[PDB]
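J.: Fold the following for me, if possible:
(7 chains)
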Amino acid sequence: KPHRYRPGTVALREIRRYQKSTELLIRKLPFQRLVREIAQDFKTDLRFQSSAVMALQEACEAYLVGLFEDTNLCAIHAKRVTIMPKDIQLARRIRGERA
Amino acid sequence: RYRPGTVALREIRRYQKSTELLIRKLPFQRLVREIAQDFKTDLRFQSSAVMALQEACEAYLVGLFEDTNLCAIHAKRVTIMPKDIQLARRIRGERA
Amino acid sequence: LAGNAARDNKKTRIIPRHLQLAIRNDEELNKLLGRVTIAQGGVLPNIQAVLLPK
Amino acid sequence: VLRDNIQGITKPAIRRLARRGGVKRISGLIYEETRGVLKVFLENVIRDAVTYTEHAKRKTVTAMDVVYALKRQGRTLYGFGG
Amino acid sequence: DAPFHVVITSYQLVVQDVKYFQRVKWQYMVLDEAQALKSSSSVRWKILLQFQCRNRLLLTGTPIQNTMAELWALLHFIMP
DNA sequence: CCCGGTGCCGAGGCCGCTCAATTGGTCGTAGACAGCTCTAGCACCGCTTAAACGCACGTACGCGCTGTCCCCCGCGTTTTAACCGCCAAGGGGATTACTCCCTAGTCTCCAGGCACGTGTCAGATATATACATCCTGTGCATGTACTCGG
DNA sequence: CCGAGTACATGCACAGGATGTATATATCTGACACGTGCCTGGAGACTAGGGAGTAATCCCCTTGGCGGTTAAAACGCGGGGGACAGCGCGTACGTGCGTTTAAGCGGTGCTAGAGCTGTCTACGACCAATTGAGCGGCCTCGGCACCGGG
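T.: Numbers count the residues shown, from 1 in each chain, chains lettered A, B, ... in the order given. The protein structure is shown below:
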């Protein structure tokens, strides 16, 4: 009696929604703390600008979006609807990052 | 019996060890002059230019065959396919 | 690394093959020169595990 | 006979290129596709090199123009100068 | 073109080269030291019987009285 | 998802000042163009033959199907913190003072880059011997079946 | 009818031998390798002149730090559809053999233009004065953010 959608319907709905809008999908403050952690490890006593942090967030989110596109292409080429760490490693391998 | 493939495999190993251009010089040069004829008529070519084109071309095809073979292996197949090539160039960024 | 590769090849003279082995065998030298093609240097011998018989 | 220069790249030659590329088994449709990608590559490099040759007011394409075309295409090569 | 008549083939070279040798027709065969045919289950017996031939000749001093299977194999090879 | 209402802060237009763009004027130098040449690119043709093309055959790999087992997916409720405003003050930037570093010019001079000929010298090919792996043949021991005796 | 035993078949292990493999060696040759002098483009030394950024303050925004509010992250559940393994059918992709072709060689002939060179010159860096296009700043306003019913 409780209504439940079949698996993948809400997934495609989220594909159309998040592909539809421009908003950032990563929370601001945790990503800022990660940037301050890595940058703090590289060089101590560093200060940052909001525009720089938002730039890192834009570049990172877009890079992960494209990497998820090529990864999905790797899974579909593998005849699987589910992406896998081997699909990611193949995507970065053909991209030449880890090659 | 000893495992076959023998000589042929040995010649693959030796032909990989000794380095030479695998594409035929005169046909590749005719292809280069034909492709350049469309861009500019009555062109002349230097031997070092043609050899450079053959080196870069053969190297590009070797790397593309490596990534293509990686696509085939990722497909659970030991045979490369035009879809493996198209995926290789797609992830490379040369198309689509 | 080129002289090391030449000693591994039992040669007292550096050849483009030795330069290719030295550049490609090193990770950082392969990162900078990965877009560079070495003439008459060949490539590192490689055989995939799935291509081996039996 | 009458045959195309793009067909001048032989199936055993592509087979040797794949053997150097570490390919044990090659499909029959690989050769024509490889000829196509090859033609695309030469159309990409030769266009830029010939463009340098035209900017140089020369009717002879040199090796330096090739090295520069590969350089701006990320194909940069060593040993031919530059 | 067939500019040859008599040839000499090694025992192992006939097993490894049997692919090339089975494609040619021979009207006769000669065997020196034929004691290698004492075993009927060996590959040399079936390989020798696979080639099409008319007459066969085997010259050996082998002691066929030791095992009856050796004399029976030599008689069944020429006359099956 | 589309539609009518309200609302607000960011878009877009005006004011004013200044510093860069512009106008005028000079020197010289890299270049445009013609003159000469000599290398290398082009064309051609024949002897050699290695590679390519075509075809046969079958063996192993693609690929399609099926079945299990689970590992994500959708939904409900529960817990954490991201997010939106104030308040010091710590830095990022204006303003002034001043010197070590580089620019520019002109001789004086060590150094490398070829033209040429000479002498080595690794090292590209091949050949053969030494090593090793397994394929085949031979021999010995054990097991199963049939025959005979009690 | 059952058990003992002899005979024939068979299977496993060891040793010989053949073929594949790899390195050690030999040798003549393209190419590193090494003088011999040239010189002209460099490399540095030595005065004189310029100049921009270092250093010290100091005014002023933009950070980093306090307490709430709900909105999203998280935890769980259940079953469902997707991954992965097993298996088999088919065909095509590999390998070998024979026929065919044009690729590699290097020998000769010819001239086209990349390159060196020599002369004369218009264009732009450069410097000084003048002018208005652009930009910080400020304010008014309206395009779209937000929202609740269809």
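J.: Give me the neighbour count for residue D:70.
T.: Using other C-beta atoms under 10 Å in any protein chain shown, residue D:70 has 25 other residues around it. In short, each C-beta sits where N, CA and C put it, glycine included.
J.: Okay, and residue 19 sits in which element?
T.: In the absence of a named chain, chain A is used. Following DSSP states H and E, one finds residue A:19 within helix A:9-20.
J.: that's the wrong chain, I meant chain D
T.: In the assignment (DSSP H and E), residue D:19 maps to helix D:11-20.
J.: Then residue E:57?
T.: Going by DSSP H and E, residue E:57 is part of strand E:55-59.
J.: Give the other helices and strands that that strand contacts.
T.: Judged by 3 or more C-beta pairs under 8 Å, 6 or more residues apart in numbering or on different chains; DSSP states H and E, strand E:55-59 is in contact with strand E:28-32, helix E:68-78.
J.: who does it pair up with?
T.: strand E:28-32 (parallel) (DSSP bridges).
J.: name the helices or strands packed onto the helix or strand just after the strand it pairs with?
T.: Next in sequence after strand E:28-32, counting helices and strands by DSSP H and E, comes helix E:43-50. Other helices and strands packing on helix E:43-50, by 3+ C-beta pairs under 8 Å, 6+ apart, are helix E:11-16, helix E:68-78.
J.: Quick one: closest of those helices to chain D.
T.: helix E:11-16 (24.7 Å; C-beta to the nearest C-beta).
J.: Send me that closest one as PDB with only the CA atoms.
T.: Extracted in PDB, the C-alpha atoms of helix E:11-16 (Å, rounded to 0.1, in the frame of the first residue of the first chain):
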ATOM      1  CA  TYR E  11      62.500 -39.300 -36.900                       C
ATOM      2  CA  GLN E  12      61.700 -36.200 -34.800                       C
ATOM      3  CA  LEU E  13      61.700 -34.000 -37.900                       C
ATOM      4  CA  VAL E  14      59.000 -36.200 -39.300                       C
ATOM      5  CA  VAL E  15      56.900 -35.600 -36.200                       C
ATOM      6  CA  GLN E  16      57.400 -31.900 -36.100                       C
END
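J.: OK, contacts around the closest residue to residue D:8 other than its chain neighbours?
T.: Nearest in space to residue D:8, with sequence neighbours left out and distances taken as C-beta to C-beta, 6 or more residues apart in numbering or on different chains, is residue B:27 at 3.5 Å. By C-beta atoms under 8 Å, 6 or more residues apart in numbering or on different chains, residue B:27 lies in contact with D:5, D:8-10.
J.: 7 Å instead, please
T.: D:5, D:8-9 (C-beta atoms under 7 Å, 6 or more residues apart in numbering or on different chains).
J.: Look up phi and psi at residue D:77.
T.: phi -120, psi 150 (degrees, to the nearest 10).
J.: What is the burial count for it?
T.: A count of neighbours around residue D:77, defined by other C-beta under 10 Å, yields 23.
J.: got the CA coordinates for the biggest helix by length in chain C in PDB?
T.: Using DSSP state H, we find that the single longest helix of chain C is helix C:16-25. The C-alpha trace of helix C:16-25 is given here as PDB (Å, rounded to 0.1, in the frame of the first residue of the first chain):
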ATOM      1  CA  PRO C  16      69.100   6.800 -27.500                       C
ATOM      2  CA  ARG C  17      67.900   3.400 -26.300                       C
ATOM      3  CA  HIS C  18      69.700   3.900 -23.000                       C
ATOM      4  CA  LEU C  19      68.300   7.500 -22.800                       C
ATOM      5  CA  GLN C  20      64.700   6.100 -23.400                       C
ATOM      6  CA  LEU C  21      65.200   3.400 -20.700                       C
ATOM      7  CA  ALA C  22      66.500   6.000 -18.300                       C
ATOM      8  CA  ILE C  23      63.700   8.500 -19.000                       C
ATOM      9  CA  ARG C  24      60.800   6.100 -19.000                       C
ATOM     10  CA  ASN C  25      62.100   3.900 -16.200                       C
END
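J.: residue of chain D with the smallest distance to chain B?
T.: For chain D, C-beta to the nearest C-beta, closest residue to chain B: residue D:21, 2.8 Å.
J.: And the closest residue to residue C:3 other than its chain neighbours, how close does it get to chain D?
T.: Of all residues not flanking residue C:3 in the chain, residue C:14 sits nearest, at 6.7 Å (C-beta to C-beta, 6+ apart). As judged by C-beta to the nearest C-beta, to the nearest Å, residue C:14 and chain D stand 14 Å apart.
J.: So what's the residue count around the closest residue to residue E:60 other than its chain neighbours?
T.: Sequence neighbours aside, residue E:34 is the residue nearest to residue E:60 in space, at 3.8 Å (criterion: C-beta to C-beta, 6+ apart). For residue E:34, the count of nearby residues is 18 (other C-beta under 10 Å).
J.: Repeat that for the one 10 residues further on.
T.: Using other C-beta under 10 Å, residue E:44 has 16 other residues around it.
J.: Please name the nearest non-neighbouring residue to it.
T.: residue E:36 (5.9 Å).
J.: List the residues that contact residue E:53.
T.: Residue E:53 neighbours (C-beta under 7 Å, 6+ apart): E:26-29.
J.: that's a helix at it, yeah?
T.: No - under DSSP: H, G, I helix; E, B strand; the rest coil, residue E:53 sits outside any helix and is assigned coil.
J.: Give the other helices and strands that the longest helix of chain C contacts.
T.: helix C:2-8, helix C:27-32 (3 or more C-beta pairs under 7 Å, 6 or more residues apart in numbering or on different chains; DSSP states H and E).
J.: Contacts for it, please.
T.: Under C-beta under 7 Å, 6+ apart, the answer for helix C:16-25 is C:1-2, C:5-6, C:9, C:11, C:29-30, C:33, C:38-42, C:44.
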